[PDB]
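What follows is a set of notes on a single structure, which appears directly below.
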Amino acid sequence: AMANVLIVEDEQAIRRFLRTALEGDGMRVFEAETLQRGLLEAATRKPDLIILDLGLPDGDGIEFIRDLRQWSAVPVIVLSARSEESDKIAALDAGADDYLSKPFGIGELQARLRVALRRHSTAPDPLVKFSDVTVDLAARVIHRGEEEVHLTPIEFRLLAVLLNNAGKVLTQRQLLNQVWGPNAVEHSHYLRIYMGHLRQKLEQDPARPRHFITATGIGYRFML
Amino acid sequence: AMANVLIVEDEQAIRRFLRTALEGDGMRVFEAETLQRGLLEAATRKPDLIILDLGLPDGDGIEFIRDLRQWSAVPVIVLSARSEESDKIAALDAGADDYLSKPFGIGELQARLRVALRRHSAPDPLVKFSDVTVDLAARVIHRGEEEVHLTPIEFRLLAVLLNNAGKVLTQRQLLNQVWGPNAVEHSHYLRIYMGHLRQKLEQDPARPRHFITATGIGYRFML
DNA sequence: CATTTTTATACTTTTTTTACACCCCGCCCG
DNA sequence: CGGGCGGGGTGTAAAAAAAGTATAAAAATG
């Protein structure tokens with residue numbers, strides 16, 4: 001799931017800035033201090049994206065882009081301290097996909113990185129599991145075995161607030177205040193019926209609950 | 001061969017300048033002055049690229065981008081007066097491919113257009129369920145071998161549902177993505193058009209197995 | 001004229017109400 | 001003495017009442 005970004009940069013302050021930006025958005029960072037090393041690692045490590053500093057002293061970055069483009073279609077984001085239009089035009093025409101002029105912020109750089117990366121890429125939803133039960137919170141879909149089981153809105157809110165507090169005990173009042181609302185922080189009769197429903201639908205033995213545990217007198221706690 | 005570019009711009013001078021500049025470099029140019037017209041023209045003209053000015057007073061550019069992104073992957077280049085980082089981020093994350101602050105040089109704009117075009121240059125991913133085949137990018141729905149005609153709203157609803165396949169969407173978010181932020185009250189609209197979608201697409205509209213109701217919550221497309 | 005919005009009514013699900021069984025314990029009762 | 005007799009807190013199963021949904025059809029929209 002990790003996006004591999006190769007930075008071609010010799011300056012320590014800029015490399016620090018980039019590393020902060022990239023690690024701040026969940027990407028792995030490869031580094032190269034020279035253009036030649038940059039090409040070598042562009043080949044050997046197959047980055048998903050290359051950030052190139054045109055202010056590299058060891059040679060011409062535009063020729064780096066032209067050399068790279070002879071055998072790779074990897075997205076290239078070019079950085080510069082200059083503002084000259086002809087540089088932008090030349091770099092983009094060489095095969096760069098984006099061009100950032102100083103000053104640039106972390107936010108914009110991250111956004112343009114996401115833009116450049118989303119072209120060569122779904123990511124299934126994270127499930128929560130216990131027994132043979134599967135809960136997809138974002139999708140509001142619950143499975144048990146190979147069959148979907150149907151939860152009503154309150155049943156689902158209950159299940160959710162329980163899942164997000166696994167192992168921890170909740171007072172009937174706070175369960176009520178988080179599922180129903182403030183107006184019924186005393187209606188401690190509902191939860192028995194509804195937890196009864198959850199137990200009925202999800203537990204393998206509703207009589208002896210393994211996941212939906214009642215803390216006698218004080219409230220409830222969920223396990224797994 | 002010859003690239004089609006759609007410009008969504010309200011200011012006359014900019015429209016004329018851009019038309020001259022782009023036709024000069026060998027592109028065929030279409031223009032829209034409002035966002036809704038812009039969307040309609042995107043849908044019918046199938047442009048290779050869209051240039052969108054966020055300064056349009058008739059609505060929300062970000063909203064245009066999202067709606068368009070429900071079915072099209074066409075490169076969108078955004079022009080703006082504001083140079084604030086937040087608006088850039090918002091537009092780019094909405095689905096724009098590039099962002100220029102006005103005023104800009106025409107040379108840079110043209111280079112960026114060339115980048116966007118040469119990049120996006122394999123067939124459309126089809127969505128198949130029952131006997132229905134959906135091609136969002138070409139805005140064409142087939143049932144069996146016969147084309148099914150969906151109205152603009154019906155297609156928008158369908159596109160949102162298919163884009164969130166397997167997930168239940170709440171009434172509020174369906175309303176917000178289909179009608180706009182000022183219709184998040186009218187759930188009956190949603191019931192009606194889900195009715196239409198079922199009638200046109202389900203084998204048995206009365207007992208659907210692909211367009212599912214999540215009572216008290218919203219709706220969901222399965223498979 | 002196609003399409004969307006308003007209007008009206010029959011329908012299904014879900015929440016809530018209402019009823020009564022339980023089970024581990026303690027101590028009032030043969 | 002030492003077993004039935006109750007009372008918190010709790011679990012199931014029905015009902016009645018709210019809430020939310022499906023569909024047709026007419027009026028408005030542009």
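So that the names make sense, note that chain A is the first sequence line, chain B the second, and so on, each numbered from 1.
Within 4.0 Å of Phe212(A), counting heavy atoms only, lies no atom of the nucleic acid at all. Residue contacts shown for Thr214(A) are limited to sugar-phosphate atoms, with no base heavy atom under 4.0 Å away. Using a 4.0 Å heavy-atom cutoff across all strands shown, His186(B) reaches no nucleic acid atom at all. Within 4.0 Å of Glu155(A), counting heavy atoms only, lies no atom of the nucleic acid at all. Within 4.0 Å of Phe156(A), counting heavy atoms only, lies no atom of the nucleic acid at all. Within 4.0 Å (heavy atoms only), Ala206(B) reaches sugar-phosphate atoms of the nucleic acid but no base atom.
For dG9(D), the OP1/OP2 oxygens have no side-chain nitrogen or oxygen of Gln172(A) closer than 4.0 Å. Using a 4.0 Å cut-off, some side-chain N or O of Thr152(A) falls inside it from OP1 or OP2 of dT15(C). Residue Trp179(B) has a polar side-chain atom (N or O) positioned under 4.0 Å from OP1 or OP2 of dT5(C).
A donor-acceptor pair under 3.5 Å links the side-chain atoms of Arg112(B) to the main chain of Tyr99(A), judged by distance alone. Counting only distance, with no hydrogens or angles, the side chain of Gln110(A) and the backbone of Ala21(A) share a donor-acceptor pair below 3.5 Å.
Side-chain proximity of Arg191(B) to the nucleotides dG11(D), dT5(C), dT21(D) is greatest for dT21(D). Out of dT16(C), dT5(C), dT7(C), the shortest distance to the side chain of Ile154(A) is found at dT16(C). Nearest to the side-chain atoms of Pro152(B) among the listed nucleotides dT15(C), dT3(C), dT17(C) stands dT3(C).
Salt bridge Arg199(A)/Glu203(A): absent, no basic N to carboxylate O contact under 4.0 Å. In this structure, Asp97(A) pairs ionically with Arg69(A), as a charged nitrogen and a carboxylate oxygen lie closer than 4.0 Å. Under the 4.0 Å criterion applied to side-chain N and carboxylate O atoms, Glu33(B) and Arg37(B) are not assigned as salt-bridge partners.
Across all strands shown, the partner of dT5(C) is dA26(D), judged by Watson-Crick or G-U wobble contacts whose two distances both fall under 3.5 Å. Nucleotide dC29(C) forms no Watson-Crick or G-U wobble pair with any nucleotide shown, as no partner meets the under 3.5 Å limit on both distances.
Nucleotides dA13(D) and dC24(C) are separated by 23 Å at their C1' atoms, to the nearest Å. Between the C1' atoms of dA14(D) and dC23(C), the separation comes to 22 Å (whole Å).
Nearest-nucleotide positions on DNA chain C for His149(B) and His150(A) put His149(B) closer to the 5' end. Judged by closest nucleotide on DNA chain C, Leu151(A) is the one of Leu151(A) and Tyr190(A) placed further toward the 5' end. Nearer to the 5' terminus of DNA chain D, by closest-nucleotide assignment, is the contact made by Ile217(B) (compared with the other of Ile217(B) and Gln199(B)).
The number of heavy atoms from other shown groups lying within 6.0 Å of CG (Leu126(B)) is above 12.
Atom pair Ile193(A):CD1 and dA14(D):P shows a separation of 13 Å (rounding to whole Å applied). Taking atom CG of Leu190(B) as the reference point, atom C1' of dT6(C) lies 16 Å away to the nearest angstrom.
Residues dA10(C) and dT21(D) show canonical Watson-Crick or G-U wobble pairing, with both defining distances under 3.5 Å.
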